[PDB]
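Enquirer: Take this structure, written in structure tokens, and hold onto it; I'll ask about it next.
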Amino acid sequence: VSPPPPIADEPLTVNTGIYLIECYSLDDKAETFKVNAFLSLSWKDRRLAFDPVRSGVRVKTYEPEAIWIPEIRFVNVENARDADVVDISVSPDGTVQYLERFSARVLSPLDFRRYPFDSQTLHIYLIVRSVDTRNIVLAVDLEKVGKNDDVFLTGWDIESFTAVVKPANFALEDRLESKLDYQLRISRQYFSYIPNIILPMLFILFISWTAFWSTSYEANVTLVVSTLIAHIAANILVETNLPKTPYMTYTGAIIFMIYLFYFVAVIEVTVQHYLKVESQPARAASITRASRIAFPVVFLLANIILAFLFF
Amino acid sequence: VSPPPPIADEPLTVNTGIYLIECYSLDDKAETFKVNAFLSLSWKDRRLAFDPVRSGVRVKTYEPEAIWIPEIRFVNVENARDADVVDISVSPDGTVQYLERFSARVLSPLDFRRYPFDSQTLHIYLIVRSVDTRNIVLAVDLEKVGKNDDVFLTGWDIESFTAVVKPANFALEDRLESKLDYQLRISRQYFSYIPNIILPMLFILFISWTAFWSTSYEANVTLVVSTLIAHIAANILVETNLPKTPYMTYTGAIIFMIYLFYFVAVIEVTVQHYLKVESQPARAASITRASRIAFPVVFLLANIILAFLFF
Amino acid sequence: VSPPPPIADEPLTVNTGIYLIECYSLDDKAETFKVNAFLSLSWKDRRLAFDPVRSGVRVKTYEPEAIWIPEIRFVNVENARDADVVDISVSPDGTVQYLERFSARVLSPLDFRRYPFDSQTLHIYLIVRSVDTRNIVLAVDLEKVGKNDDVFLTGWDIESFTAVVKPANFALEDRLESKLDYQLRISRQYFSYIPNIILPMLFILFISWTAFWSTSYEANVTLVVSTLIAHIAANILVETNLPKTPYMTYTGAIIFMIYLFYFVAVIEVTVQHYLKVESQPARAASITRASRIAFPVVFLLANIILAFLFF
Amino acid sequence: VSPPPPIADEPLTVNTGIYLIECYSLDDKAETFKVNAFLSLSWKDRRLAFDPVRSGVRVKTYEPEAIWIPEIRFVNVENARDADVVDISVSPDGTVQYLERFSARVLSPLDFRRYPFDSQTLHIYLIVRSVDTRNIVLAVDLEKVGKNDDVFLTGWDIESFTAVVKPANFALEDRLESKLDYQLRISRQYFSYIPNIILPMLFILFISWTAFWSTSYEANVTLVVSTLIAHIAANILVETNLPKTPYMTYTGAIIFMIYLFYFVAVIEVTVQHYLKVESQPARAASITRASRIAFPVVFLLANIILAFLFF
Amino acid sequence: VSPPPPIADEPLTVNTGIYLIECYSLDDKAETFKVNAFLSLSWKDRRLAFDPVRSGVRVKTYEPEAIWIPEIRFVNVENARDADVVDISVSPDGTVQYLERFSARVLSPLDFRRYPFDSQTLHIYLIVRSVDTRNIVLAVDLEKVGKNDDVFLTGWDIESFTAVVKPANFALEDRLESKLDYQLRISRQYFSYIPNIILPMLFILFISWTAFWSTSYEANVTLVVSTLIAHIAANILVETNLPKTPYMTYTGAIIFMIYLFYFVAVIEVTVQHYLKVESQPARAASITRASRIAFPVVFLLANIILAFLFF
Ligand SMILES: [Cl-]
Ligand SMILES: [Cl-]
Ligand SMILES: [Cl-]
Ligand SMILES: [Cl-]
Ligand SMILES: [Cl-]
Ligand SMILES: [Cl-]
Ligand SMILES: [Cl-]
Ligand code: NA
Ligand code: NA
Ligand code: NA
Ligand code: NA
Ligand code: NA
Ligand code: NA
């Protein structure tokens, strides 16, 4: 239980693989997700080599305590992973094939710019620290990188689970470190957002524009103010299931824009009533008739502009 | 502590059984449930066999550490199950009888299409990985698959707990794996939904339709807008205790449909008032008289159509 | 570390006792409560017999690992109890006096039918499984069953903590099981419900009935609709701190009934206004005058009927 | 590892001390707080005594496993404390000086009667159970009872941390117990409540009284009903961050009282409008003029009476 | 094992370093944050020294159990840190080089005075307790104090991670304690607050001021009361994601100030209507015309004064 000694000076290559069994709990606010997978490790330890003719056995099995196992860690985990060693198998040349099943909560930031029409790349960073005896370097065994078909992430579509085969080798606290990037590409299922948030929010907005076909100040006040309160409720509901991004999001922009439409509707409703009382309803009539075209046209154009900027 | 060697080449059959003690916390949003149950395992290990005459006993009790025990895992669990070995017994022929009491949090997706009138099938997937020495295969001891009568899942009816006797055998990372499916059939207790959500939601809708017996634009605006806000409250309350499904649900469809009825009520209320001011209340009267029959008839038909599609 | 041998054939009697130290976290929605308590166990194991003359000590102290201890489990726990052995004391005859302090989240269903004026029976089920060597049977040492006086369950009154002395002996997976029932009788402190939910809910209802002393449709609409929205808020607040019962509760029935009173108030307010416009205010006047007596009388009469059904 | 033997028959005195390192998470609803502190224990074990001149060392250091340590427990804790032994020091005469750093969630009930102007006494109960060999009794080393100056309990002022030096000695399950009471006196920082809950709640009430300077039934209805809804929101916000007390609180009384003021305002608004329609506005005028003085005077007196009762 | 003996009487210097790997979960209400990092420790233990010539190795590796390791603790943690020893390396002169990776929940109070435009200093306090044999003293190895570039704290900007090199040496429970202060300077990303809370809150305020261009008491009541309710919603949303500070905050002051503007708007709306009915609309007109300038001017000045006080 010391690292296998080098034949020349070559670094020790630990081949890795992650096969996702379960994928759950994608918290958008926390930018965390829970994972359940197999972690497979392989390396050559010549000290464990044997003759398969005389030994009679093709493969020897070991307990973790018995042999040297490289200390593999995840970079972006909340706490150290919960692992259970499934199997350790040594080949006649000394090739070790370690398999463990684990659970871990991962920290991977999300890009909310195109929400709820966004895609994400979740990351799992494998890392190994070199020892004074020899330098450990990570590799990807593409044959042992995969995902169970049943893997389902609620409200998301799992596109691919790949690994960037070239590790990031760098110095950290005067020792070499080999980092691997496992990428899980997922896209958001936006269907639900349409009948639940998008269309209800557009209807409460259009209801506010019926004030352009009424001369009743008392009714218009109620119309524009009541629907504005519904939009505040909408804004809270949306913003409370999202983190505070230092950048502007698509849904962020739209919600904001709709507040300006309410502010300008209130100004129109006020102007129309002022002119009515000022005994000049002809100006009030032409402003109201204009608003009937202006408001939907400007709304539809502002939206085209916004969608264009964000997509 | 190596797997029992094969007489020929036949795979080792581990007979299983799950007897549910407590069933709780069915989270609809998370699509998870917690289970507390006995796991029983039985397999032949000829090396453990003894003569009852010489040994003076008919059963031999062992500690887990003492003998080979197959590594059984649950597929769809959040974290590895919390288990406590109840007993290990060996018959004279080497028929091992293992029993453990466990608790796990299980991932089992739900079909919200007919919610709150839905039935579900919860799954418990048992899996064993074959070893280099020999191939392990799972079986169901139907005599040891059950549930306590006291088992109660709050707001659900437990219909049955059965096991699909033929395991799913497949290759995973060049080793055989034997998977068993334990199914817990349940159906939702929808009674509470009727006096709490369904009838209150229909009453706030009918209150909106009293606007078809009023000419007061100011009162109508208030009646349709206020009741619309109550429906938004309803929609939030409902949608916050459900996951974001990529498919349309029955409750989803109904809530959505009711938004259209509110939008058309607002349009009618607007049209009637416009015509009043335009000094043609006869047109306004005939449209309002029509709405009194149209709105309930279209509502009741749309509902029959919807129920028909979903059931 | 195997069970003690019988002198004849008699089952091994493990005497039990539970003394409650801290009772807390009664979750009505989950139907769970947390309990911190002493668990005391006593049995005779003649193998541990000693002559204090030789041994010098009159009672021997042991570590759990050192001697055979019966596997006692709780049936209705979420997860296995967190226990810390306080003391294991053996007297010369081999009597083991085991004491441990534990914490556990117990699953005990509640009857919400008379809520908030309900009383409950919480259950703690002790179980022991028989071994092939000899049958273990539970007993209650009434001297060691109790509760600390300081034990306080927030918003509840603790009446009694007793044990059903005769254990439920039954077969389970071809072995005998001895089950004991510890009952904790409690009753809800309903005082807070009166000034916080009951009286505020009756006042918002009576405010709606002031519409029977007004002819202003616009004011009546606002009165009945605004107070109805307050009742929806009330209903949500109440129902979100309760589980979805398949049966009708007292508070459930009352909340429901009050919705009908709002629906009939809206109908009256509509009918009165229609008749006003139809230029027949004498009919409208007599209906409104009737409603002033009808509404409180029917409300008081329906409440008497409801209280009578539920209590 | 047995308790130190008595010279005569005197009970073994374990001197205790708690020094609070960090104090946090005071949950008012749960009536729990999280603590992090040093627990110090000191007793004489003559067996461990050594020659100071002949052993060369003045103080011997031991590992917990090596010597007898009294089993000290907290009464009012959720689960057993998480402890890490800092140091064990044996003096030449056998005085053991044990130190450990621990964290626990303590259950200490609160008196909400004068909330948010209340002061509290948090309790930490230390307990030891006597053994068959000899009786253990607790004592307070006042020199080792304290708190770090940096100790901060958010929204509270820490007044003192003292210990009631005379332990509660009593019998429990036929063995002596020695209980000690550690008291943490704190008083609530009520400043925030004034600009956030108190003044906003009084303004929405005074806004409802502007109805006494209006003859517009439709406006008064809106004024009194709208502000009443704001008070319901207030009441929910307040009551959801407090437990259901079986006694009346000061904030409880005030919130309740304000509901009666709203009920009487609605009655006045109704009476004034009835009289207007009944063509007798002179009676309506005198009732309204009276209400302008009556409402603030009765409000200010009811408050003086309430404050007097509660303080 | 015991601490390394002094050559003269010099205290043992443990050099420390913290290199932040991942920084997450900054709870403003709890004033806690979660940290994942490397802790590096280095001291000289002459007993572990070896001749590299005869040994053949230029360094020696040990298991924690094998050698003396100083008991380093964090002061301001919730619970004791979860640590995993990465590596222990010994140089030929007996210089130990210890590295561990840990995760802990750190308590560090925040200054909410300039929120959401606030910057903070998070603290990590390292402490070691001296022993009777010798005094242990902490030091900072500035070369081993850092942070990964990828370290991201959601909704915050990480400015610097430094250490106050001179430790706080003081007595605690009659033993000397060496305390080190690690400071993490961060500053809040306030962008999101502008389109989500600030601008929506100003628009609902300006909408209430359109009442100064209306004579309709009914429409004014609705305008000022409805927008006031939106401000209450705002106030709750803001205050529920903040702790109850015993001091006034900037956002606290602004929210409060806006309540006074609503109160004075209600008074103006009341005064204007009273004067209208009193048949003196000229006074009402001049008060209303004044309010149109007074309200924005006083609002803009009050804000300049407030910003000036807080910044
Ligand atoms: Cl890890
Ligand atoms: Cl498992
Ligand atoms: Cl296959
Ligand atoms: Cl295979
Ligand atoms: Cl248990
Ligand atoms: Cl404890
Ligand atoms: Cl620590
Ligand atoms: Na190893
Ligand atoms: Na084994
Ligand atoms: Na044992
Ligand atoms: Na000990
Ligand atoms: Na209104
Ligand atoms: Na050590």
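Please note that chains go A, B, ... in the order of the structure tokens, that every chain numbers its residues from 1, and that ligands are numbered from 1 in the order shown.
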Using only C-alpha atoms and all ligand atoms, determine which residues fall within 9 Å of ligand 9, then list them as a PDB file with N, CA and C atoms, in the first residue's frame.
Expert:
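Below is the file that was written, out.pdb:
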ATOM      1  N   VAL B   1     -15.138 -16.720   1.598  1.00  0.00           N
ATOM      2  CA  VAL B   1     -15.775 -15.522   1.059  1.00  0.00           C
ATOM      3  C   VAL B   1     -15.308 -15.274  -0.401  1.00  0.00           C
ATOM      4  N   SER B   2     -15.918 -16.082  -1.260  1.00  0.00           N
ATOM      5  CA  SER B   2     -15.831 -16.190  -2.712  1.00  0.00           C
ATOM      6  C   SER B   2     -17.158 -16.802  -3.139  1.00  0.00           C
ATOM      7  N   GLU B  63     -22.841 -14.984  10.974  1.00  0.00           N
ATOM      8  CA  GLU B  63     -22.707 -13.529  10.930  1.00  0.00           C
ATOM      9  C   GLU B  63     -22.376 -13.162   9.476  1.00  0.00           C
ATOM     10  N   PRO B  64     -22.860 -12.007   8.951  1.00  0.00           N
ATOM     11  CA  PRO B  64     -22.593 -11.670   7.534  1.00  0.00           C
ATOM     12  C   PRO B  64     -21.131 -11.831   7.072  1.00  0.00           C
ATOM     13  N   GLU B  65     -20.182 -11.420   7.938  1.00  0.00           N
ATOM     14  CA  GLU B  65     -18.731 -11.448   7.741  1.00  0.00           C
ATOM     15  C   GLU B  65     -18.222 -12.856   7.489  1.00  0.00           C
ATOM     16  N   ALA B  66     -18.827 -13.857   8.145  1.00  0.00           N
ATOM     17  CA  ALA B  66     -18.431 -15.269   8.105  1.00  0.00           C
ATOM     18  C   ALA B  66     -18.611 -15.930   6.750  1.00  0.00           C
ATOM     19  N   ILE B  67     -19.695 -15.620   6.018  1.00  0.00           N
ATOM     20  CA  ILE B  67     -19.974 -16.304   4.743  1.00  0.00           C
ATOM     21  C   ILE B  67     -20.195 -15.351   3.587  1.00  0.00           C
ATOM     22  N   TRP B  68     -20.142 -15.912   2.368  1.00  0.00           N
ATOM     23  CA  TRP B  68     -20.388 -15.192   1.125  1.00  0.00           C
ATOM     24  C   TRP B  68     -21.870 -14.825   1.018  1.00  0.00           C
ATOM     25  N   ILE B  69     -22.147 -13.529   0.798  1.00  0.00           N
ATOM     26  CA  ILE B  69     -23.510 -13.028   0.639  1.00  0.00           C
ATOM     27  C   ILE B  69     -23.574 -12.241  -0.686  1.00  0.00           C
ATOM     28  N   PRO B  70     -24.541 -12.539  -1.578  1.00  0.00           N
ATOM     29  CA  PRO B  70     -24.589 -11.826  -2.860  1.00  0.00           C
ATOM     30  C   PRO B  70     -24.870 -10.339  -2.667  1.00  0.00           C
ATOM     31  N   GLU B  71     -24.129  -9.480  -3.393  1.00  0.00           N
ATOM     32  CA  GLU B  71     -24.286  -8.032  -3.346  1.00  0.00           C
ATOM     33  C   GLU B  71     -25.550  -7.618  -4.111  1.00  0.00           C
TER      34      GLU B  71
END
Enquirer: Could I get the residue neighbourhood of ligand 2 at 7 Å, counting only C-alpha atoms and all ligand atoms, as a ChimeraX atom specification?
Expert: /B:73-74,77,80-81
Enquirer: Hey, what's within 9 Å of residue 104 of chain B if we count only C-alpha atoms and toss same-chain stuff fewer than 3 positions away? As a PyMOL selection string, please?
Expert: (chain B and resi 33-37+74+77-83) or (chain C and resi 79)
Enquirer: Using only C-alpha atoms, which of E:22, E:111, E:100, E:177 sits nearest chain A?
Expert: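 Answer, going by the shortest atom-to-atom distance: E:22.
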Enquirer: Need the shell around residue 57 of chain B: protein/DNA/RNA residues with any atom at most 10 Å away, counting only C-alpha atoms. Skip same-chain ones fewer than 3 positions apart. Format as number ranges by chain?
Expert: B: 50-54, 60, 91-92; C: 133
Enquirer: Can I get the selected residues back with N, CA, C and O atoms, as a PDB file, in the first residue's frame?
Expert:
ATOM      1  N   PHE B  50     -23.732 -29.454   5.746  1.00  0.00           N
ATOM      2  CA  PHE B  50     -23.296 -30.244   6.888  1.00  0.00           C
ATOM      3  C   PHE B  50     -24.237 -31.439   7.114  1.00  0.00           C
ATOM      4  O   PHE B  50     -25.336 -31.486   6.548  1.00  0.00           O
ATOM      5  N   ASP B  51     -23.790 -32.412   7.937  1.00  0.00           N
ATOM      6  CA  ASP B  51     -24.602 -33.568   8.311  1.00  0.00           C
ATOM      7  C   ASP B  51     -25.273 -33.240   9.652  1.00  0.00           C
ATOM      8  O   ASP B  51     -24.553 -32.952  10.620  1.00  0.00           O
ATOM      9  N   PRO B  52     -26.634 -33.197   9.724  1.00  0.00           N
ATOM     10  CA  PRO B  52     -27.290 -32.791  10.988  1.00  0.00           C
ATOM     11  C   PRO B  52     -27.025 -33.733  12.168  1.00  0.00           C
ATOM     12  O   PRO B  52     -27.022 -33.262  13.312  1.00  0.00           O
ATOM     13  N   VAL B  53     -26.753 -35.036  11.874  1.00  0.00           N
ATOM     14  CA  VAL B  53     -26.464 -36.139  12.809  1.00  0.00           C
ATOM     15  C   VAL B  53     -25.205 -35.824  13.657  1.00  0.00           C
ATOM     16  O   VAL B  53     -25.303 -35.780  14.888  1.00  0.00           O
ATOM     17  N   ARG B  54     -24.047 -35.584  12.990  1.00  0.00           N
ATOM     18  CA  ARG B  54     -22.742 -35.238  13.576  1.00  0.00           C
ATOM     19  C   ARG B  54     -22.751 -33.859  14.236  1.00  0.00           C
ATOM     20  O   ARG B  54     -22.264 -33.702  15.359  1.00  0.00           O
ATOM     21  N   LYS B  60     -27.695 -23.804  10.956  1.00  0.00           N
ATOM     22  CA  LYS B  60     -26.502 -23.105  11.424  1.00  0.00           C
ATOM     23  C   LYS B  60     -26.655 -21.606  11.181  1.00  0.00           C
ATOM     24  O   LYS B  60     -26.898 -21.183  10.048  1.00  0.00           O
ATOM     25  N   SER B  91     -29.340 -24.444   6.091  1.00  0.00           N
ATOM     26  CA  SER B  91     -29.960 -25.767   6.160  1.00  0.00           C
ATOM     27  C   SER B  91     -28.876 -26.848   5.959  1.00  0.00           C
ATOM     28  O   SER B  91     -27.806 -26.496   5.446  1.00  0.00           O
ATOM     29  N   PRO B  92     -29.117 -28.156   6.276  1.00  0.00           N
ATOM     30  CA  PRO B  92     -28.058 -29.165   6.088  1.00  0.00           C
ATOM     31  C   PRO B  92     -27.468 -29.235   4.673  1.00  0.00           C
ATOM     32  O   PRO B  92     -26.293 -29.580   4.547  1.00  0.00           O
TER      33      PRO B  92
ATOM     34  N   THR C 133     -33.173 -21.306  17.288  1.00  0.00           N
ATOM     35  CA  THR C 133     -32.780 -21.893  18.579  1.00  0.00           C
ATOM     36  C   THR C 133     -33.946 -21.832  19.600  1.00  0.00           C
ATOM     37  O   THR C 133     -34.253 -22.876  20.183  1.00  0.00           O
TER      38      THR C 133
END
Enquirer: To test your reading of the structure, identify every residue in segment 65-214 of chain B that backbone DSSP assigns to strand (DSSP E or B), and report it as a ChimeraX atom specification.
Expert: /B:72-74,77,82-90,95-107,119-129,136-140,146-147,156-171,176-188
Enquirer: Could you give me the residues within 9 Å of ligand 4, counting only C-alpha atoms and all ligand atoms, as a PyMOL selection string?
Expert: chain B and resi 129-132+134-136+171-172+174-177
Enquirer: Kindly export the residues of the current selection with C-alpha atoms, as a compact mmCIF listing (two decimals), in the first residue's frame.
Expert:
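The file below, out.txt, is the result:
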# COMPACT_ATOMS: atom_id res chain seq x y z
CA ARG B 129 -23.95 -8.04 -10.82
CA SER B 130 -22.26 -11.28 -11.94
CA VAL B 131 -18.71 -11.95 -10.71
CA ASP B 132 -15.69 -13.34 -12.63
CA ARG B 134 -19.78 -17.20 -11.76
CA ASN B 135 -22.98 -15.57 -13.06
CA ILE B 136 -25.64 -14.60 -10.53
CA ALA B 171 -24.93 -7.01 -20.13
CA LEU B 172 -23.50 -3.92 -18.39
CA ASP B 174 -19.05 -6.68 -20.03
CA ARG B 175 -20.77 -8.46 -17.05
CA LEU B 176 -24.20 -9.94 -16.71
CA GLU B 177 -26.74 -8.17 -14.49
Enquirer: Identify which of the residues D:270, D:251, D:162, D:222 lies closest to chain B, counting only C-alpha atoms when measuring atom-to-atom distances.
Expert: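 Among the listed residues, the smallest separation from chain B belongs to D:222.
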Enquirer: Pick out the residues sitting within 6 Å of residue 122 of chain B, and hand them over as a VMD selection string; count only C-alpha atoms, and ignore anything fewer than 3 positions along from it in its own chain.
Expert: chain B and resid 108 183 to 184
Enquirer: Would you mind telling me which residue in D:219, D:206, D:96, D:288 lies nearest to chain A when using only C-alpha atoms?
Expert: D:219
Enquirer: Taking only C-alpha atoms into account, which of B:144, B:44, B:113, B:123 comes nearest chain C?
Expert: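 Using only C-alpha atoms, chain C sits closest to B:144.
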Enquirer: Could you tell me how far atom CA of residue 295 of chain D lies from atom CA of residue 231 of chain D, in Å and to one decimal?
Expert: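 Separation of atom CA of residue 295 of chain D and atom CA of residue 231 of chain D: 17.0 Å.
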Enquirer: Name the residues in contact with residue 237 of chain E at a cut-off of 10 Å, using only C-alpha atoms, excluding same-chain residues fewer than 5 positions from it; report them as an mmCIF file with N, CA, C and O atoms, in the first residue's frame.
Expert:
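File written: selection22.cif
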data_model
loop_
_atom_site.group_PDB
_atom_site.id
_atom_site.type_symbol
_atom_site.label_atom_id
_atom_site.label_comp_id
_atom_site.auth_asym_id
_atom_site.auth_seq_id
_atom_site.Cartn_x
_atom_site.Cartn_y
_atom_site.Cartn_z
ATOM 1 N N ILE A 236 -43.557 37.367 -9.165
ATOM 2 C CA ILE A 236 -43.091 36.731 -7.929
ATOM 3 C C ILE A 236 -42.964 35.224 -8.152
ATOM 4 O O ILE A 236 -41.878 34.685 -7.954
ATOM 5 N N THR A 240 -39.225 33.604 -7.961
ATOM 6 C CA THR A 240 -38.900 32.819 -6.750
ATOM 7 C C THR A 240 -38.370 31.398 -7.095
ATOM 8 O O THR A 240 -37.789 30.774 -6.218
ATOM 9 N N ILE E 197 -37.185 44.467 -8.436
ATOM 10 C CA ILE E 197 -37.775 45.031 -7.229
ATOM 11 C C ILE E 197 -37.832 46.573 -7.276
ATOM 12 O O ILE E 197 -38.907 47.121 -7.026
ATOM 13 N N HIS E 231 -47.450 47.351 -2.771
ATOM 14 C CA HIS E 231 -46.283 47.723 -1.977
ATOM 15 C C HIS E 231 -46.155 46.818 -0.740
ATOM 16 O O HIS E 231 -45.028 46.473 -0.377
ATOM 17 N N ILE E 232 -47.284 46.404 -0.115
ATOM 18 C CA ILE E 232 -47.257 45.470 1.024
ATOM 19 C C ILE E 232 -46.663 44.158 0.515
ATOM 20 O O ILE E 232 -45.726 43.651 1.151
ATOM 21 N N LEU E 242 -34.483 38.293 4.338
ATOM 22 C CA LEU E 242 -33.574 39.085 5.160
ATOM 23 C C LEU E 242 -33.772 38.791 6.639
ATOM 24 O O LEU E 242 -34.911 38.528 7.055
#
Enquirer: Under the rule of at most 12 Å, produce a per-residue listing of chain A near ligand 12: chain, number, name, the closest pair of atoms, and the distance in Å, as a tab-separated table, using only C-alpha atoms and all ligand atoms.
Expert:
residue	atom	partner	partner_atom_place_in_ligand_line	distance
A:217	CA	ligand 12	1 (Na)	11.8
A:218	CA	ligand 12	1 (Na)	8.1
A:219	CA	ligand 12	1 (Na)	8.3
A:220	CA	ligand 12	1 (Na)	10.8
A:221	CA	ligand 12	1 (Na)	9.2
A:222	CA	ligand 12	1 (Na)	6.5
A:223	CA	ligand 12	1 (Na)	9.8
A:225	CA	ligand 12	1 (Na)	10.5
A:226	CA	ligand 12	1 (Na)	9.6
Enquirer: Write out as a count of residues only which residues come within 10 Å of residue 292 of chain D when counting only C-alpha atoms, dropping same-chain ones fewer than 4 positions away.
Expert: 9
Enquirer: Can you check which parts of chain C lie within 6 Å of chain D? Per residue, the shortest pair of atoms and distance in Å to one decimal, counting only C-alpha atoms, sorted by chain and number, as JSON lines.
Expert:
{"residue": "C:155", "atom": "CA", "partner": "D:244", "partner_atom": "CA", "distance": 5.7}
{"residue": "C:191", "atom": "CA", "partner": "D:246", "partner_atom": "CA", "distance": 5.7}
{"residue": "C:192", "atom": "CA", "partner": "D:244", "partner_atom": "CA", "distance": 5.9}
{"residue": "C:219", "atom": "CA", "partner": "D:218", "partner_atom": "CA", "distance": 5.1}
